[PDB]
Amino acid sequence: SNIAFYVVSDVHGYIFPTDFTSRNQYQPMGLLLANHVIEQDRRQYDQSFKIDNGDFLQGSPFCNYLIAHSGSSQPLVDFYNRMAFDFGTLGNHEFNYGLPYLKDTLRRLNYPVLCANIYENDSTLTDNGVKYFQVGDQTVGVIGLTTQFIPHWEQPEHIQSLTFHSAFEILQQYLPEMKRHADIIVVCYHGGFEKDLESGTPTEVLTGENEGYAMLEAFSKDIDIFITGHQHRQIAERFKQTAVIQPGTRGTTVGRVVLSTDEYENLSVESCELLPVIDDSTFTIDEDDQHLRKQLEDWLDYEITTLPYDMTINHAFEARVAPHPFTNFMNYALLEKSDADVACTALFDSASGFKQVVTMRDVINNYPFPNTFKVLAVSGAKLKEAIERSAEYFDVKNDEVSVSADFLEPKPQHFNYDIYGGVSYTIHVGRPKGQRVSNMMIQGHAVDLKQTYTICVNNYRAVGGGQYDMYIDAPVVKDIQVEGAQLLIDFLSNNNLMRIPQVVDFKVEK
């Protein structure tokens, strides 16, 4: 006898088979197609469960569209509700629009979301943290856990009443009970691994963001299935006897773990792997779904404005290693809105700059996060520290400047490299981290390390996101409650002639 567990994670609102780079795109991804793979595959097993492991409420242009129209998650929830999931977990992105929007969403889902380590006042935010069920005369126990690092990323107003506890500690505290109650333990953690599964060597700074390895080295013998996410990696292997799974992102793959009984009648892991999501001749999309997609594409094709000249980004790396007209433009927009001495922004992975005709699609692709902004008062010394952190993005390989492995593995984080405007500087990649920034000047004046300056950063940075801890608790000079996308749209609307002065002036070399 057997049971299959199917898991999707970090779907990020990618429901349709497209990443929205162009209107007619179709590619083997998204929840509709991932779910079709599961429905076809599950028929071979005696029984099966379907699980979503977090980061489902934000990410894609579809989510941007919902916020800009109904303001409700119902159209997204509808897709999830017709698929008959058994349970899910909370990812960090479920808090991006505030606690009331999340609570409303959980009420509308027709399955439970399990989170044992996030508390609201004196009890768990979600109704439950653990769930048990039977498979023959055996009991399965499932515990849902989420990365504790949320306060380093989210707007304070969105999480003020919450308490985030270590996933390792809550698991440890629940194991005794779960071991008494169940024969099989499933842990669903919206977090990943801070050390390599085989070597055990750290693969990132041990901040507590990711605790999966610690959880496995300490409790593997009692954990039968370890479902993970957050890092967007594709992992399907065994840690000792534990089946470990991480099924990527955007419905590109589906995780499947199968358990089967012995003659003794005890359940044991039979297989653990990732199933690829592929197109096939039986897959169809309902007419109502196709109609929703059309509304979405028409909205993305909405023309914002026409520019006199082009500002396309051909090679993203080239626009990070030296000033580019598009990064100069975004920084100028921030300096004009904020009135700060300095401003900064990352060049996101999906940014392609602007062409002469700018549509809603291009705007979203250049700034696809719902970040607002803050002007912080920082000393000249703290500013240098911030530039030094960004300079860690580079490394020297084969005698030339390249992107550091730290910022590419195990997950790309181009969003953690900032390009600064209002300040000129030199980065010397061949020098030790922490002492790579030179020639800092602000308006024909060397940066006085003891003088106070103002810098406009996004809210993610303001709370230390991306290891920019020098901004935590800096005095807030101004809270700009306008998201990045709209801030650009407003700028385009008011600056017809697009006479943009040069505010980005820096260079990167050995």
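From 1 onward, residues are counted along the sequence shown.
- Per the PDB record, of the two stretches 445-453 and 38-46, 445-453 carries the greater mean B-factor over its C-alpha atoms.
- Higher average CA B factor: 216-224, of the stretches 216-224 and 145-153.
- Within the group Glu297, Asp183, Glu392, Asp78, the record's highest C-alpha temperature factor is found at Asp183.
- Taking only the listed residues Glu385, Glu94, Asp86, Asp349, the entry reports the highest CA temperature factor at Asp349.
- In the deposited entry, the Cα temperature factor of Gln467 places it in the middle third of its chain's modelled residues.
- In the deposited entry, the Cα temperature factor of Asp418 places it in the lowest third of its chain's modelled residues.
- Sort the modelled residues of the chain by CA B factor and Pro100 lands in the middle third.
- Among all modelled residues in its chain, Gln502 ranks in the highest third by Cα B-factor.
- Ranked by Cα temperature factor within the chain, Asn365 sits in the middle third according to the deposited record.
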